[PDB]
Each structure stands twice: as C-alpha cells, then as structure tokens.
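Only one chain comes next, encoded as structure tokens, the form deposited in one PDB entry.
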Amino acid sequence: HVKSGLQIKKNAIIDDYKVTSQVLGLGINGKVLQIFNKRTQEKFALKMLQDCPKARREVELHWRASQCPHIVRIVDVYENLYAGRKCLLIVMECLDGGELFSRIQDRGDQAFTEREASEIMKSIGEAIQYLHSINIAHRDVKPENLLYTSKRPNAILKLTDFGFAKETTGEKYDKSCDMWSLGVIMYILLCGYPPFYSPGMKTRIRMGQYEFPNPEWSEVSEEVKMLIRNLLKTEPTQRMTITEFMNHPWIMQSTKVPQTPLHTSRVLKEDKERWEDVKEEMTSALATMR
C-alpha cells in the first residue's frame, strides 16, 4: 500500500484564503484560526507553527495520519514568512461540532447511554489503531483534542493536535500512554468524572478508595470495569494494547451494547466548575506518562 508524500506550497497563503482573527482553539505550539477559501468561499481551520525540525516532524506524522476517517484532515501546508517569522501554515478541515464532552454536557434531557459511550470509544480507538499500526504514538489524547465535524447528531468525531506525536519503532511502550488515555476517557464517559485522586462541590472519588463508586457505577457491568482496569493498568508492560482493545466485544459490538442510562451528562453539569481542573490534572499526568 502506497500513499503520496507531502507537497508543501510556497506561495502566499493569502493568495488563496481570507485569514480572519477568530481563535478556534489553542494548541501545543500555537493558535488555530478561522479562514475561508476564496474560490469556493468554504470555511477552514489554520494552524501556524514556527518552522523548525520539531514542527516539521509534527506536520509529517500528521500527514501520514490525515486520511484516517477519525483524525482531522490536512488540506494543504504552506511555507510562508508570516509576520516576520518563517512558518508552516497548516490548513485543516473545519470542525464545528465542538469538543466531545462539551456536547455531552449540553444534552437537555441528560440521557447518555452506555451504548453511546461505546460507539464514541470505538471511534477514538480506530484513530489510535490507525496510528499504532504505522508506528506512531499520539501522546496527547485528551478532551480538548477530540472534536466533532458538525453539530449534527450524526457528526463524526475527530482526533487533533500532533504536537506530541512520535515514531515508536523500537520503543514500543511509547504507545502505552495512548491506551491509558482511552481508559481515562472511557471512565469519564461512563460517570462524568476522571479516575483521579484530587469548595462547594461533591467529592466523587475519595483518596485511596475503590475506583468505581456505587452512586454512578452501580449499574455498570463487571465486564466493563475489567476493560477499564486493563486500560488503566499501572505497569505499561501489562496494560492493554490497541489490538486487544479493538477486539473486545464491548468495542467490537458497540451496536449491541446495553443502553444503560448513565450519570455522565448530569455530573458534567453539576461539576462544570471544576472541568478546567480535570483537564489540567490530565495534562499534568500525561506529561509524566509519556
């Protein structure tokens, strides 16, 4: 199987796009902006990286991944002087749907089911599987990097930001922290809070306590808890791999998973005061996992 290599454009990007000033997010090495094609008037996202060997490898690895149905797509890459710095400008497909958990938290009826958690986990897992099978580890899988293509209920979930991705050839355990990220994301999808030991808020997980508290976890199957314990296993030598994950009946047959009603959407609203703290705890943790 043969895919073509990245042809970087040298002409001024502004010959092709109107470049606005609105932020669409904040990345590892820069800011994402809103732009429009001129000849089609269509909308797109732009990432600006200052040219250097690191940015070069981010663009390459992301390019290898681009065609995966669940990874954000690269439309073109420009090499320009942009405000007196030499930059790689990355044009990507626009993702209006928003961030994964933001969309779940905004559900007016608050009815999120185990079956939906499963389908979401299946989408993310396909992105990780694509990457791991060509020996790339993403290494920044977390809430702000999982976005929906449109606001439609049927929108596709996409993984973004390759600012930490690396080639793993030889060092295979670089892939493990991606699997841990899946464990954490799956756990949050099922109850509405992280499996972390941490105001006028409820404490969801007491320090040192059994990790599936009865209020939210009582109707979840022991099978699903075992899946999670495998993903969150402490030793990378023992943690589940992406192949084992994608072969688990809970992911493989996500179509036929119990539509068990979950507390997730409800807890995301109640605890939204501490969401930034969750994302921070995961960012810190991830820095020590990878």
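Note that the rigid core is defined as the largest set of C-alphas that superpose within 1.5 Å between two forms. In this text, residue numbers run from 1 along the sequence as written.
The same protein also has a form deposited in another entry, omitted here; what follows describes it.
**Q** For the set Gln259, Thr40, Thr234, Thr243, which residue undergoes a C-alpha shift of 2 Å or more between this form and the one not shown, given alignment on the rigid core?
**A** Spelled out, the residue whose C-alpha shifts by 2 Å or more is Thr40.
**Q** If I superpose the two forms on their rigid core, does the C-alpha of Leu268 end up displaced by 2 Å or more between this form and the one not shown?
**A** Where the cores coincide, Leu268 shows only a C-alpha shift between this form and the one not shown that is less than 2 Å.
**Q** For a quick test of reading the superposition: does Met282 move by 2 Å or more at the CA between this form and the one not shown, rigid core aligned?
**A** After core superposition, the displacement of the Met282 C-alpha between this form and the one not shown stays below 2 Å, so no.
**Q** Does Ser21 show a Cα shift reaching 2 Å between this form and the one not shown after rigid-core superposition?
**A** Yes, the C-alpha moves 2 Å or more.
**Q** Say whether the C-alpha atoms of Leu81 and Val23 sit closer together or farther apart in the other form than in the form shown here, given that their separation changes by 3 Å or more.
**A** Result: closer.
**Q** Since the Cα separation of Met48 and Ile28 moves by 3 Å or more in the other form, tell me which way: closer or farther than here.
**A** Note: Cα gap between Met48 and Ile28 shrinks in the other form.
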